[PDB]
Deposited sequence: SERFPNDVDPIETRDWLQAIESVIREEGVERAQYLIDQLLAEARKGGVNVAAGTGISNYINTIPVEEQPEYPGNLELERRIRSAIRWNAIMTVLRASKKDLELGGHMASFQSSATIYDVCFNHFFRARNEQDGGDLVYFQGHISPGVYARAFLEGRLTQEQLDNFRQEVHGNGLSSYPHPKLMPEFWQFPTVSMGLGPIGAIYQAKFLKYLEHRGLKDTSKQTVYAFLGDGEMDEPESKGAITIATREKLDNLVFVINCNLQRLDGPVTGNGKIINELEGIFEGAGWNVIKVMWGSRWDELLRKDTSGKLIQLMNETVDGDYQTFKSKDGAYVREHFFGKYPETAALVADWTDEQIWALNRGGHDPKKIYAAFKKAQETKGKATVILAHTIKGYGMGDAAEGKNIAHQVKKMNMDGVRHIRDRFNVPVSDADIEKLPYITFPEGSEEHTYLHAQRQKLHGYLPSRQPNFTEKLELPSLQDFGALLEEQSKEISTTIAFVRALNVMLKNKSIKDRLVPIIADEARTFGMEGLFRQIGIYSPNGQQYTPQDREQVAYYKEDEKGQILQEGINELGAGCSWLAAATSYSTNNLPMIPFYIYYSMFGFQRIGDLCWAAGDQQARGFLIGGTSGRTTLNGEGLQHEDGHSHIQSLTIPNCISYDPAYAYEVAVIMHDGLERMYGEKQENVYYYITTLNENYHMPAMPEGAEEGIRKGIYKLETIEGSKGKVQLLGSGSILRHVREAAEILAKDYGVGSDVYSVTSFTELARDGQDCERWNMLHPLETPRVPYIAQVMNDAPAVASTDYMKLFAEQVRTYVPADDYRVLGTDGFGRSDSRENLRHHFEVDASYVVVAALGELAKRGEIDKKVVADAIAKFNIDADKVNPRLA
């Protein structure tokens, strides 16, 4: 930790290249429009919300960047990737409006998007696909997302895929936000990877929402200490130009002592007093310091500002940041929250108008008018000139990539569609599918396999010799090894999954990890990924409650699909066979990176259990994609039922079908459900449409088109709701669901499948139970089956176990 003063002394401060007076005129108009937008919204009295205080404290920081640093998307690259702090969006909108990129009607529709011509509260690409790029409002995700975005850009350059050398990633953060574990939890990574293309800009106004970050301390010093300790280049922008003479004249060095010893709480109090209170309680602490401003008027003392408000001090920091190599830079900008709002936190409106000399007359002020700069005016000319010299305007977004990829055909995965000689798993199938992709000339180098330390567990080792591990193991390595860091891996996956838009360079990531540590552990990022229109694959390996049998409670995943189904644009599958994996992966590739360019990403749970992999039935392709297809029909004269299974449990439902036929003469239709969720969604869509078109013939859910009315039983390696979600659409009077509800525990797969009541014996008992209630068989038959199969009818419900 250094002294509580600017890192860059004035004698090392470069000359400011812009027109300070003109830029201030433009900046005031932006401040005004940002405030007008939020105020007009509040007048509606519709609890729309919107902030003003934050942007007022960081406006000048962004202004200097827009005028002298921010590089817009261009022919060579996607320009600088700016992770704008979420709630300062009104300021971004105000500037875009001034630049003529947004209309007054859009500003007037701030926070009213449903009808189409509005603006999102925060940066949401999904809602404004041509404007916003990075979802930052969920605090903490922006800083780590930015770290890996910068790492990914280095990756593209090192891989020889794209020269991203002129791109800088800017993460605009709040000091309170730095408390989120993900904000500083991965900063050492920037040092390990020498991310000199990453700049953290922490707005240090010393306050969070309901108070100071650390009133009894100094968060700027806390931030400096840990970032410095993490190997980052720390640049503190503490005081404005007005303090320079005072510091120079301070021979006793007592002023510096005073600045260092004062805590955030005290500074904040001076922040709400007056020049007299300052010279009295601040400078008046020591005669050396008190004498420094003795010949100063209370108004000249109150004029002393914080560095984050001085364009000159700001410029120096960003210039130094862009020159620095070998490590990432973090700029700690000292600002005043709610700057220039005085009474804040119609007289208030008049105050800001006067405060920033806004060109609005008393006659118009009541109209809460937006300010514009006429073409030909000095402001208009300068505003556009600076941007033009920096390649255009930002933020802006390209929804689709331009190049045409020559994707592998399903036939290219032919081997996976055939019966397998050796017993393998769906994870082995996944790896083989990847290998097929690594042979496709058009996308082989666009593939981005990602692992979180463990590769052997998922049989990814074979890939190492083929494409290697990115380790700028060398700079050309293709696989991203992020270590024990699922969130970090997810962020690399996200950067890769959205490269098609950000860099107009489609990259196809495949991140495989323990399924449990997916949505459950990085769920907020997965939701943000949907918002960011990510197109890639998330592979939940070692999935299924009973399948990762020895690991127990915190590893056995029987619910990730319940978490994944909450994301609108995530398509989830739980294949049982190798050929399904192939079909699903091929379809995903085509949908996301083929002509369609569908904005959706995939989640495929794979297994670590080997078993016989049969050949794909002819014509089953569509059913596999849709989510269900009839595997086969087993004859039986004493009864008829339908059996459904997915994942590792399907082969057990198949065993039950054979038992039912052989021991009870009960026939059955056996279905492989590759996706209960896609089926549920299709069903909901049909019912929704039917409800809205009462005069039309009811549409039929696909699952209802595949199934019949015979009593049905479904068993999965997931909690019952996973299969129960399609109940409404199953055309059968009876539909019993077996599932793995309850906490996992360590044991053999056989013991766990009996414990969770999902194995063959339970499926059989469930099936016989339905046939009994229909009179087709006597109840003693099921009671005898229960005894026969060593089933404990009175063991505690697994959910409670």
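Sequence ranges without modelled C-alpha atoms (deposited numbering):
According to the record, the gaps fall at 1-55, 401-413, 541-557.
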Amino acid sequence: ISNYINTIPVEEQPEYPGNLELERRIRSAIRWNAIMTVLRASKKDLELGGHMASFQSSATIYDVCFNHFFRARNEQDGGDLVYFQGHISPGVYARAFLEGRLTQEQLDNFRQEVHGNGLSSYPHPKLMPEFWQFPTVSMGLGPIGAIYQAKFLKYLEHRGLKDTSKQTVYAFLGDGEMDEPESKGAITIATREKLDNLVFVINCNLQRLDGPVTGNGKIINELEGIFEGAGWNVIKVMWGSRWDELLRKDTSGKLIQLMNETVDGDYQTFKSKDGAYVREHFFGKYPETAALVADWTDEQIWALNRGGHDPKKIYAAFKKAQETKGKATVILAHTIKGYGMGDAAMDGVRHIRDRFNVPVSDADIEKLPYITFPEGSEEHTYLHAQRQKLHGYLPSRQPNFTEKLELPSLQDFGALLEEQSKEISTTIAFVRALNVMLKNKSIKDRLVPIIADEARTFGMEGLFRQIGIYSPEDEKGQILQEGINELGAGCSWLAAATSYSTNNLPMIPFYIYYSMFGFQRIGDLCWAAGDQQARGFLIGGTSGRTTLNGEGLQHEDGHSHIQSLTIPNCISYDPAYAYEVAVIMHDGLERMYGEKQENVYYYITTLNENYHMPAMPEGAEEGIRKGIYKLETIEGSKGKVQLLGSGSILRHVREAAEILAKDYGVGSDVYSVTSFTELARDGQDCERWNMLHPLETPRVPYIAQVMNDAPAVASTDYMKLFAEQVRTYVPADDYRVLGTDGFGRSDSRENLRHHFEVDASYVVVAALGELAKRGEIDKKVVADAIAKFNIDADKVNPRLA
From here on, numbers count along this sequence of modelled residues.
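Take the two forms, find the largest set of C-alpha atoms that superpose within 1.5 Å, and that set is the rigid core.
Would you say which of 361-369 and 139-147 moves more relative to the shown form in 5 other deposited structures of this protein, going by RMS C-alpha distance with the core superposed?
Evaluated in 5 other deposited structures of this protein, the stretch farther from the shown form is 361-369.
Between 434-442 and 457-465, the one whose CA atoms sit farther away in 5 other deposited structures of this protein (rigid core aligned):
Farther from the shown form on average in 5 other deposited structures of this protein: 457-465.
May I ask you to compare 509-517 and 686-694 by their mean CA B factor in the entry and name the higher one?
That would be 686-694.
Of 558-566 and 724-732, which one has the bigger average CA B-factor?
It is 724-732 that shows the higher mean C-alpha B-factor.
Which one of 179, 108, 244, 482 shows the biggest C-alpha B-factor in the PDB entry?
Spelled out: the listed residue with the top C-alpha B-factor is 244.
Peak C-alpha temperature factor (PDB record), options 574, 224, 298, 310
Each of 574, 224, 298, 310 was compared by C-alpha B-factor; the highest is 298.
When the deposited Cα B-factors of this chain's modelled residues are ordered and cut into thirds, is residue 748 in the lowest, the middle or the highest one?
For residue 748, whose C-alpha B-factor we compare with every modelled residue in the chain, the answer is the lowest third.
Where does the C-alpha B-factor of residue 586 rank in its chain, lowest, middle or highest third?
Ranked within chain, residue 586 CA B lands in the middle tercile.
Among the modelled residues of its chain, does the C-alpha B-factor of residue 423 lie in the lowest, middle or highest third?
Answer is middle: the recorded C-alpha B-factor places it there.
Chain-wide C-alpha B factor ranking for residue 54, given as lowest, middle or highest third
Highest third - that is where residue 54 ends up once the chain's C-alpha B-factors are sorted.
Ranking the modelled residues of this chain by C-alpha B-factor as given in the entry, is residue 270 in the lowest, middle or highest third?
Answer is highest: the recorded C-alpha B-factor places it there.
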